[PDB]
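Since the structure comes first, as structure tokens, the remarks are kept for the end.
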Amino acid sequence: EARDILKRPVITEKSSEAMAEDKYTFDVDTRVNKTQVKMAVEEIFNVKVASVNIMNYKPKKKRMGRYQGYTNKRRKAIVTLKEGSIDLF
Amino acid sequence: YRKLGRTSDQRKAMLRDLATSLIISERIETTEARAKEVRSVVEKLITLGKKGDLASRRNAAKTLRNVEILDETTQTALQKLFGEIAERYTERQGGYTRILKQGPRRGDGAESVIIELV
Amino acid sequence: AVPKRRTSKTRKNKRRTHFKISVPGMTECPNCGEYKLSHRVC
Amino acid sequence: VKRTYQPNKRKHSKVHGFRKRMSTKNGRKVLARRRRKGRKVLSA
RNA sequence: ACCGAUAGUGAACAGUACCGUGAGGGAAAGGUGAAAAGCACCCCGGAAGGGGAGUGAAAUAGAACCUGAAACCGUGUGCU
RNA sequence: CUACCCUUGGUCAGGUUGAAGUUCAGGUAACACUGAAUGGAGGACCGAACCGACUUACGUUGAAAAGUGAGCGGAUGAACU
RNA sequence: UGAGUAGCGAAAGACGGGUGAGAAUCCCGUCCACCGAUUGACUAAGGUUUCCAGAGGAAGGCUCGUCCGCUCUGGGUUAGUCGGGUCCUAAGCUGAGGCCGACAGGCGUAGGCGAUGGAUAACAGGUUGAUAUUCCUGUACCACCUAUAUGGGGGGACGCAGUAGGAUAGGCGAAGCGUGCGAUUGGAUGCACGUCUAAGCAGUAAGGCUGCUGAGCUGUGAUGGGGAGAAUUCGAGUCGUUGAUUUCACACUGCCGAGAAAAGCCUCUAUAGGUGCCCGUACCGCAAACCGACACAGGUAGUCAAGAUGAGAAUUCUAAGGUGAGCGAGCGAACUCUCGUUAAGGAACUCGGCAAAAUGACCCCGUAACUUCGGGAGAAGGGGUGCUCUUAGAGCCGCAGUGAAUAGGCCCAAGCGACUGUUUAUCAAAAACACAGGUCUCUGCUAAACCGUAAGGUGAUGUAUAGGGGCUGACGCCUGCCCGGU
Ligand SMILES: [K+]
Ligand SMILES: [K+]
Ligand SMILES: [K+]
Ligand SMILES: [K+]
Ligand SMILES: [K+]
Ligand SMILES: [Mg+2]
Ligand SMILES: [Mg+2]
Ligand SMILES: [Mg+2]
Ligand SMILES: [Mg+2]
Ligand SMILES: [Mg+2]
Ligand SMILES: [Mg+2]
Ligand SMILES: [Mg+2]
Ligand SMILES: [Mg+2]
Ligand SMILES: [Mg+2]
Ligand SMILES: [Mg+2]
Ligand SMILES: [Mg+2]
Ligand SMILES: [Mg+2]
Ligand SMILES: [Mg+2]
Ligand SMILES: [Mg+2]
Ligand SMILES: [Mg+2]
Ligand SMILES: [Mg+2]
Ligand SMILES: [Mg+2]
Ligand SMILES: [Mg+2]
Ligand SMILES: [Mg+2]
Ligand SMILES: [Mg+2]
Ligand SMILES: [Mg+2]
Ligand SMILES: [Mg+2]
Ligand SMILES: [Mg+2]
Ligand SMILES: [Mg+2]
Ligand SMILES: [Mg+2]
Ligand SMILES: [Mg+2]
Ligand SMILES: [Mg+2]
Ligand SMILES: [Mg+2]
Ligand SMILES: [Mg+2]
Ligand SMILES: [Mg+2]
Ligand SMILES: [Mg+2]
Ligand SMILES: [Mg+2]
Ligand SMILES: [Mg+2]
Ligand SMILES: [Mg+2]
Ligand SMILES: [Mg+2]
Ligand SMILES: [Mg+2]
Ligand SMILES: [Mg+2]
Ligand SMILES: [Mg+2]
Ligand SMILES: [Mg+2]
Ligand SMILES: [Mg+2]
Ligand SMILES: [Mg+2]
Ligand SMILES: [Mg+2]
Ligand SMILES: [Mg+2]
Ligand SMILES: [Mg+2]
Ligand SMILES: [Mg+2]
Ligand SMILES: [Zn+2]
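Sequence lines, in order, name chains A, B, C and D. Under this note's numbering, think of the first position of the first sequence as 30, with each following residue one higher. Under this note's numbering, think of the first position of the second sequence as -1, with each following residue one higher. Under this note's numbering, think of the first position of the third sequence as 60, with each following residue one higher. Under this note's numbering, think of the first position of the fourth sequence as 3, with each following residue one higher.
See the structure below:
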């Protein structure tokens, strides 16, 4: 279940500053809670989690040509480790 | 005298601003009618500077704006007028400015001119 | 207040007889070999 | 001037929403009519 | 011995867009070419757009692309 | 939207007037009665916010399918929200 | 076609510098101007990516555009404590059984849902292009976990007005300290700013109530932070005055119209370690992003509330902060509109003094008929305001002294309506409606009346000093004749 909870890492300027501060940003399944996120990270990466922050992103308006629709809604989790680190390369 | 499309107070403020700008920069670009009024305002200020007494200085301060001018020295517009400009025009009897037409502006067709100290 | 009849092409063009612009007043500039408005500076 | 439409999320959903339509026989008739016409939107 | 894009379904590309608090109302919009061979390259231009050169049977078939009527808008002038 | 209502909230710069009571003083056989102070009532008064819309000017292919400028009515109440 | 015509949607801009193919219109700067009980700041609804960065200029922008709430690409919203849910109930909605009804369905008991109300644990500082009581730093608190050590009662719990106080916030002044600055215009050696720091935790405490409560203060929190400042280190937190619209607190007094519920809560039958979910969080927000077809002079709930002047949140100029309004340049004709002035006269204008003018603040004199004894009344009509000096006088100046702005015109008489109030959203605000008061009439309670087919309801958790209906319309004096007809 844990590898379903964690979808992908998020790579941005703000996420990179977070990684400099030992915070790792993941896109997670939109149904899971932050406790599940913490358990999944601990299990997958064999690290210790200090805290997990979470937020939702609404669908964003997007178009190509005459077709206007929306992107997928997102759930973003920021995981603060107390022990260890995660190698994304 | 011209009205320049402004009320009395607006016109007076704009003429003071233009005269002080001309004193600071020695050459400005504006509209023809504005320059044709600014020439009289600026020449009377220069006359006051050539007089150079305390009363003439205070009368000039009635009209000039309070703009600092920065060899790292610093002086006010009134100081420049009663110093450098007056000394340069000690021997000339009027006609301290000249207007040079340049042609219409793109945005509104206004006749642009350059008015400069001679 | 409103036109009683439509304006014919003939009448419209007759009215527009004087609706035109004029070539500007221009003179040759000696040094640069170009043109400018008379009594204006480059 | 104060106009007639003063939007209100709660009022809109409570008066014109799916559950309000479901709650009455005539509301279900509305939903059936819109499904028959092929509407993309059935309710508020 | 039905229609042929104002016809025929409202809809040849839509119960969409849009309108309405809502029930509900409800469009417009088809066609390059046989084949994309959809204009390498040069020139003016910031671009847009053009002129060449090329492709093509044909480019006033260059995509707002078959045919291209009329209203309407221009340029030239034989008579007045 | 609007009319009325239900439940639950909120708002009203400042001036002015001075009801009932009370107390003290006169006064009585006992009450009535009177003056001063105190007191702070009122769909009270003047007037901002706010709520209106009386007059007038402007606007009348509007800035606006009912508005704007200047005055104007109410403004602790059957108030406004 | 009208026609290069009307319009381009309230207003102050100017110049220098830059960018660029192109600049009145973009960026930077200086000066100027406008708002400032707000054109400032913060919540809510509503909108829903409009937010940020880089790039772009076809179309949108009432001009232009190098710019944008527009286009392209990539980003941005972090919570045990904030608001909501895992708590409570109001109106209302719904409703197991049940009652009623051609059908469909209507009603309703227990119960349930349902904030606009009740309960409930976190503060200060720092930081980004875009989030922050959410991230970070420091210091806390709450619930639960692990280890060492059910009935009763109370309460919650409530209106409106007014008054006297305590405290604090805030304002002002002296400069006590601190930081700067110290002036080429005649003169002086003075000019301008700063003067703080939370929750929590201990001690205490003006008051209030009949021991319980209680604003606030002190210390700690804090060799931390923030600071007018000097070149990463160093830097002041003091005296007086005024004083709330905040809080003690609906505490106290008074009044009639007599002012939720339920749960949480109360009462009677320590330390240590660890855990703490979901939803919202971007941005606009009295608006260019909401409702008005618009980048529309309209509408849109609450909060914060500086100085001078003043009774004031009025007036005028300013502070904090924000803004110069998405067409301009000339000219200075008629005419239109909005403003200012005007000889002599002064309503001769006109349906009508319509409009305008005049009055206007504060202080002191003074004030009629009539009256329901309250009023009328700010009746009317008159005086005084500047500045300096002495302690009410003496002086000084102007045409003028509330020298600006803001601030009742008044009187006499008549109709109607007693009065405050209400009305034809959008041509009528009135003499119309209402009204307190009067009278008539119905109604003995499963009342009459009203809604509904009914059940069920309103009347009313009322009971003839009550409820419904008709007419009249304060108050004073009064309200005559006719019962043949309806
Ligand atoms: K209410
Ligand atoms: K919202
Ligand atoms: K002219
Ligand atoms: K009766
Ligand atoms: K009879
Ligand atoms: Mg969250
Ligand atoms: Mg002129
Ligand atoms: Mg003026
Ligand atoms: Mg055809
Ligand atoms: Mg068809
Ligand atoms: Mg052809
Ligand atoms: Mg063709
Ligand atoms: Mg207020
Ligand atoms: Mg009153
Ligand atoms: Mg009033
Ligand atoms: Mg009305
Ligand atoms: Mg008005
Ligand atoms: Mg009155
Ligand atoms: Mg035309
Ligand atoms: Mg013309
Ligand atoms: Mg014409
Ligand atoms: Mg004209
Ligand atoms: Mg015009
Ligand atoms: Mg404009
Ligand atoms: Mg504002
Ligand atoms: Mg932006
Ligand atoms: Mg344009
Ligand atoms: Mg964009
Ligand atoms: Mg029911
Ligand atoms: Mg922000
Ligand atoms: Mg925000
Ligand atoms: Mg919109
Ligand atoms: Mg607007
Ligand atoms: Mg508005
Ligand atoms: Mg309002
Ligand atoms: Mg004001
Ligand atoms: Mg605009
Ligand atoms: Mg006169
Ligand atoms: Mg006269
Ligand atoms: Mg007279
Ligand atoms: Mg007459
Ligand atoms: Mg006459
Ligand atoms: Mg009048
Ligand atoms: Mg006054
Ligand atoms: Mg009346
Ligand atoms: Mg009235
Ligand atoms: Mg009307
Ligand atoms: Mg009217
Ligand atoms: Mg009557
Ligand atoms: Mg009889
Ligand atoms: Zn030349």
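The beta-carbon is built from N, C-alpha and C at its ideal position, and this holds for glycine as well.
Supposed contact pair residue j and residue i - C-beta distance, whole angstroms, cut 8 Å
| i | j | result |
| --- | --- | --- |
| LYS60(B) | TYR87(B) | Not confirmed; about 20 Å, so no contact. |
| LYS67(A) | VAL78(A) | 5 Å |
| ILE97(B) | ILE113(B) | 5 Å |
| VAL40(B) | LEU20(B) | 5 Å |
| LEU46(B) | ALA58(B) | 4 Å |
| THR29(B) | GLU109(B) | 6 Å |
| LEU43(B) | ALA17(B) | 6 Å |
| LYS95(C) | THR86(C) | 7 Å |
| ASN64(B) | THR74(B) | 7 Å |
| residue 121(B) | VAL111(B) | No statement about residue 121(B) is possible, as the shown extent of chain B runs from -1 to 116 and does not include it. |
Strand pairing of residue i, partner residues [DSSP]
| i | result |
| --- | --- |
| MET93(A) | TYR96(A) |
| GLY19(D) | DSSP lists no partner for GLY19(D). |
| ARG103(A) | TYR86(A) |
| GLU114(B) | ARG25(B) and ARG96(B) |
| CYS88(C) | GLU93(C) |
| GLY101(B) | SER110(B) |
| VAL57(A) | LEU35(A) and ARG104(A) |
| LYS27(D) | Answer is none; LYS27(D) lacks a bridge partner. |
| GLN73(B) | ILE67(B) |
| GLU41(B) | For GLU41(B), which the question treats as bridged, DSSP gives no partner whatsoever. |
| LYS52(A) | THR109(A) |
| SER80(A) | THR109(A) |
Closer than 7 Å: residue i CB and nearest ligand 6 heavy atom
| i | result |
| --- | --- |
| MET68(A) | no |
| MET93(A) | no |
Residue i CB to nearest heavy atom of ligand 7 below 7 Å
| i | result |
| --- | --- |
| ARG0(B) | yes |
| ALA31(B) | yes |
Any non-hydrogen atom of ligand 8 within 7 Å of residue i CB
| i | result |
| --- | --- |
| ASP106(B) | no |
Any non-hydrogen atom of ligand 51 closer than 7 Å to residue i Cβ
| i | result |
| --- | --- |
| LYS99(B) | no |
Would you say the segment 101 to 112 of chain A touches the segment 46 to 62 of chain A, given that touching needs at least three Cβ pairs under 8 Å? yes
Does the pairing of the segment 85 to 93 of chain A with the segment 2 to 13 of chain B give three or more beta-carbon distances under 8 Å? With the cut-off at 8 Å, the segment 85 to 93 of chain A and the segment 2 to 13 of chain B do not touch.
Counting beta carbon pairs with one atom in the segment 108 to 118 of chain A and one in the segment 39 to 57 of chain A, are three or more of them shorter than 8 Å? yes
Does the segment 33 to 41 of chain A come close enough to the segment 68 to 76 of chain A to have 3 or more Cβ pairs within less than 8 Å? Counting Cβ pairs under 8 Å, three or more are found: they touch.
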